[PDB]
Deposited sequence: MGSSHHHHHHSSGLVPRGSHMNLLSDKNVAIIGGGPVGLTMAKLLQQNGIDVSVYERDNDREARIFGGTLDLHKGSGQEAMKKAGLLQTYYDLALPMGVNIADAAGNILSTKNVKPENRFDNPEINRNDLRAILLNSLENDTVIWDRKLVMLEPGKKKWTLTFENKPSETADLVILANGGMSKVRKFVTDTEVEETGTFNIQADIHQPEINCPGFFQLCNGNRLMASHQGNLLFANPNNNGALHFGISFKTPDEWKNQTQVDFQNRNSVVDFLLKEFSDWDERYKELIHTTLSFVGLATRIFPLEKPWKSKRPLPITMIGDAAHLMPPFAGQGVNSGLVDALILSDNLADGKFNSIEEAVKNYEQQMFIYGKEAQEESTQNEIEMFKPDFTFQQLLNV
C-alpha cells in the first residue's frame, strides 16, 4: 500500500477499524459527525463477548484497558410486582462476555490508541463521489478530502450506501423507548433498589422493560413493544405526550416502575430496524469501497450482537488489508465481505429470532 483509507464514522466499530489499520502502518483517517471528542454518546452500555468483540481489543492491545473500565454486572429478572430470579457474577467468569462498558469510555480508550489527528471532528459526510483514482468525500460546510479506499462505518442509518448495495433499512415491527435518569437513587429509589446494582429485565403483556442501574452513575432503561397499528402519533418532543402513552400501557405495573416513567425528563423513541444481509452486494464498483459495523448489518438490539459482530468486522477487514495474502484491494474486501455475510446473517437470524420470541403474548426470560 502507497495509498490511504477514509473511515466514515467514529463509532466503536469505526475507531477500532482505525487502530487495527494504523498499527500496521496503513495511512488512515476517521471522519466523525460529532462536534468534538467530549460529545456525549446516548445509549446503554456495551459488553464485548470473549469470542469476538474481545478479540479485536486483544489485537489492539486494549483488552486490558477495556476490563479496567468495564464493570461485570449481575442480572435480576422481575415480575411487574417484584423479584423473580437473581443472578450474580461468579468470579470464575467476571472477566468474560459480561463487562459492561460506558459508550464514551470505550471511545476514550479508542481515541487514545490512535495517533493524534487521526480523527477529524465535525465532519458530516453528505456525499460520496468517485473520481479517476480517488473517491471525493463531501462534508457539510467543511473542505472535501480524497482517498483510495472508503470504509463506511457510520451507523445503521447510513445515507451513503448506494455504491455498495441497493438494500435499504426496514422496520422490524417493534419499537423502543430509551431514557436516562441521573442520580437514580434519589429520583427513582423504588426502581433503583429493585436493580440492586444489577441489570434488570421484566416482561408483561408484550411490554418489555430493561434497565441498567449503573451506567457511569446514571440509570439507563428501555421499554419495548410491537409497534402500535395506531402508528407515529406520540410526540417525542412533548414529554407529557410520551409519559401519557407509557402510563396507559404500563397501568398494570407496580408503583415503582411508574416512578421511573414519571421521573424521566426526556425520552428517545426509535423503531427497531434491520439492514438485512439479503442480496449479495454490488460486484461492480467504480473504486474500492466497503462497510463495517451497523452500516453493514444493522440488526435488532435484542441479542448483544451489534458492536461485537461489528468489531469482528474490523478484525477481519483489517487483517485482510495488511497481511499481503491478496492480489488487489478489490480481492481483500471481496473476501472480508464473504465471511461477514456468513456470521453476519447468523447474528441477524439470531436477533430477529429473539425479537419474535420476546413479544410473543406469554413470554418470560425464564
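Several segments of the deposited sequence are absent from the coordinates, namely 1 to 24, 256 to 258, 394 to 398.
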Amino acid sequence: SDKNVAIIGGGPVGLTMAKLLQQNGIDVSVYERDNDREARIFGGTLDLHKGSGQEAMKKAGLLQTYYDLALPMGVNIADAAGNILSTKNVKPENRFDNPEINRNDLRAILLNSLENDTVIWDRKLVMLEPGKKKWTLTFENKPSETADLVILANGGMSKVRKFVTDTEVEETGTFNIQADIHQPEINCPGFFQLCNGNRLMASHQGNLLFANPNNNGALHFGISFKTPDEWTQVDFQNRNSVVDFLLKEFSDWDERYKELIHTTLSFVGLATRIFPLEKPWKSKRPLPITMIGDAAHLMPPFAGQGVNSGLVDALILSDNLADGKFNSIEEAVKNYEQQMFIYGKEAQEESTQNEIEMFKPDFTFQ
From here on, numbers count along this sequence of modelled residues.
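Higher mean CA temperature factor between 85 to 93 and 112 to 120: 85 to 93, per the PDB entry.
Averaged over their C-alpha atoms, the temperature factors of 136 to 144 and 232 to 240 are higher for 232 to 240. Taking the deposited Cα B-factors for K159, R285, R107, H220, the highest one is held by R285. Considering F267, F225, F192, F245 together, the PDB entry gives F245 the largest C-alpha B factor. When all modelled residues of the chain are sorted by CA temperature factor, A80 is found within the highest third. When the modelled residues of the chain are ordered by their C-alpha B factor, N98 lands in the highest third. Ranked by C-alpha B-factor against the other modelled residues of its chain, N196 falls in the middle third. Ranked by C-alpha B-factor against the other modelled residues of its chain, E32 falls in the lowest third. Placement of the Cα temperature factor of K334 within the chain: highest third of the modelled residues, per the deposited record.
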